[PDB]
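Letters A, B, ... mirror the listed sequences (proteins, then strands); counts begin at 1.
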Number of protein chains: 2
Amino acid sequence: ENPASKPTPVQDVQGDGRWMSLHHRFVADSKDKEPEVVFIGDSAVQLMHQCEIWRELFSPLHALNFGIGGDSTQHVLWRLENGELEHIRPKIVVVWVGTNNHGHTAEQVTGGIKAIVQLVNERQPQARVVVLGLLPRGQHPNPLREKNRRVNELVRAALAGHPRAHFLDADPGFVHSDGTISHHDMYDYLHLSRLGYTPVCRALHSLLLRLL
Amino acid sequence: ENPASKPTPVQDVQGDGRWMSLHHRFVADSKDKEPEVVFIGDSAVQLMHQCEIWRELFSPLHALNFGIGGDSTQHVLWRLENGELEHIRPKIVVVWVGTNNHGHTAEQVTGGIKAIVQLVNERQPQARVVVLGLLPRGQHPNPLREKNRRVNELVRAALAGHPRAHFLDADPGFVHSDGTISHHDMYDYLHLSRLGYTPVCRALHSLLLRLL
């Protein structure tokens, strides 16, 4: 088994059950609504709903946001297999996950992302799949920057022959020529500020309108 | 040793160094500025700077925000001992930490909070200390709700005889009579939405103006 593509829930080792409460809410969302676009991934998806304005650009497109902070590829795969794609028929699914797969090689994370695209192609075969590149992270150059770069290379080459699967690099140049990322774009050098989200969401919204 | 009151940095087991980059930024903030109020704690402090509007209520008071997501009591104690209280002379320090001390009993977390108040009383003896209550968490009743309740009881009784230390319960009633917390207040049943922050910050700002 690639650990990144073996589907599993987040075990609760803390005791308030919040991960499973979020999954159950998204399951009810899919039971009760009819989205055209479904978003799923880690905190970069989740906070876009709060902290970009979702409402200007993505609410009009009839969209559900299924981001959960901390998720790896295998947790996203499990959620899509266990209720969050039921009862719906989206035109587009947007995937953004992989930066949190700590302890997995870049090759394993790529296998995780490919298994998500295949499941979506099996369960919701009418839908186009958009996969976003993993963003740079850390204030200065570091090995997770190189990891995430290698994932994006391998995922881009995997999807290149895929008629209805689209890779998007949404990075405007967060890493500057002195190697730094500024806390104005990413307040803890990982999560995007309001300002950091604007150009990311701009690039995504343009692709979405083009596909739609 | 109480683990919660033995000062230690967050070890980097991921590889991009972001925790130490945040600590070093706050150290430079204190070197270069002259705050009247310093805020320190976990993600509830950190996101108030993004996601409430800090700018309307707290920026006017000449305030620095030293929140870091994920911190326990012992990590806050270490940061205050290792540079973030140097070169400054605040009137008020606001402390908000303890919900992330998983694996520590409520009594141990209380000892952690008391060791933070004592250090601030030693290094910055002119300053009043405000400690906020730990908020409820989880969609439904659970053992971390009871834990956090017991911490607040023990901390309130510890500070009651403390002429310049102030306990504040900032909770407006997030837990409803059916036991639930709504995702409109806390989007993942732990972190506060924009809407959830308004009444919290309102209560804090009022106390601050009173003390100031």
Side-chain angles (χ1 to χ4, degrees), chain A residues 12-26 28-29 42-43 46-54 65 67-71 99-103 135-148 180-184 186-197, chain B residues 12-26 28-29 42-43 46-54 65 67-71 99-103 135-148 180-184 186-197:
Chain A
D12 186 3
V13 300
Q14 297 186 339
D16 57 15
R18 297 179 304 110
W19 190 90
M20 205 42 89
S21 298
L22 284 175
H23 168 63
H24 287 153
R25 165 163 116 236
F26 304 156
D29 289 341
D42 54 34
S43 70
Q46 193 185 34
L47 294 171
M48 193 196 285
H49 195 76
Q50 310 289 309
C51 222
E52 165 69 20
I53 282 163
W54 184 256
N65 190 303
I68 302 182
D71 265 18
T99 202
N100 300 330
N101 281 242
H102 301 296
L135 287 188
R137 55 185 286 166
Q139 180 173 210
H140 296 290
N142 69 264
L144 293 189
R145 279 182 192 186
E146 317 330 325
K147 183 186 181 170
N148 281 7
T180 62
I181 292 170
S182 117
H183 93 276
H184 301 307
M186 294 172 194
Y187 56 85
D188 60 4
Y189 317 107
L190 164 66
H191 303 110
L192 292 161
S193 68
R194 207 287 158 275
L195 176 57
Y197 266 119
Chain B
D12 186 3
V13 300
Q14 297 186 339
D16 57 15
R18 297 179 304 110
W19 190 90
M20 205 42 89
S21 298
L22 284 175
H23 168 63
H24 287 153
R25 165 163 116 236
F26 304 156
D29 289 341
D42 54 34
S43 70
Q46 193 185 34
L47 294 171
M48 193 196 285
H49 195 76
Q50 310 289 309
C51 222
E52 165 69 20
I53 282 163
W54 184 256
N65 190 303
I68 302 182
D71 265 18
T99 202
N100 300 330
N101 281 242
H102 301 296
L135 287 188
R137 55 185 286 166
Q139 180 173 210
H140 296 290
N142 69 264
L144 293 189
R145 279 182 192 186
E146 317 330 325
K147 183 186 181 170
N148 281 7
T180 62
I181 292 170
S182 117
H183 93 276
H184 301 307
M186 294 172 194
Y187 56 85
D188 60 4
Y189 317 107
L190 164 66
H191 303 110
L192 292 161
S193 68
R194 207 287 158 275
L195 176 57
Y197 266 119

Problem - Listed partners of A:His191 passing ring pair (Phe, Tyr, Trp, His ring centres under 6.0 Å), at least two apart - result: none
Heavy-atom cut-off 4.5 Å, strictly under: side chain, backbone, both or neither for [X] against chain B?
X: A:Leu47; answer: side chain
X: A:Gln50; answer: side chain
X: A:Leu22; answer: both
X: A:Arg25; answer: side chain

Problem - Residue selection (most heavy-atom pairs with chain B, distance under 4.5 Å) from A:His140, A:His102, A:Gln46 - result: A:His102
Practice task
With a 4.5 Å cut-off on heavy-atom pairs, point out which of A:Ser21, A:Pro143, A:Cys51 contacts chain B the most.
Solution key: A:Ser21
Any side-chain heavy atom of [X] sitting closer than 4.5 Å to one from [Y]?
X: A:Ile53; Y: A:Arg194; value: yes
X: B:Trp54; Y: B:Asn65; value: yes
X: A:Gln139; Y: A:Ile181; value: no

Handout entry: Partners passing side chain to side chain donor-acceptor pair (under 3.5 Å) against A:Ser182 (at least two apart in sequence or in another chain)
Key = none
Handout entry: Structural part of B:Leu190 lying under 4.5 Å from a heavy atom of chain A
Key = both
Handout entry: Heavy-atom donor-acceptor pair, A:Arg145 side chain to A:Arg137 backbone, under 3.5 Å
Key = yes
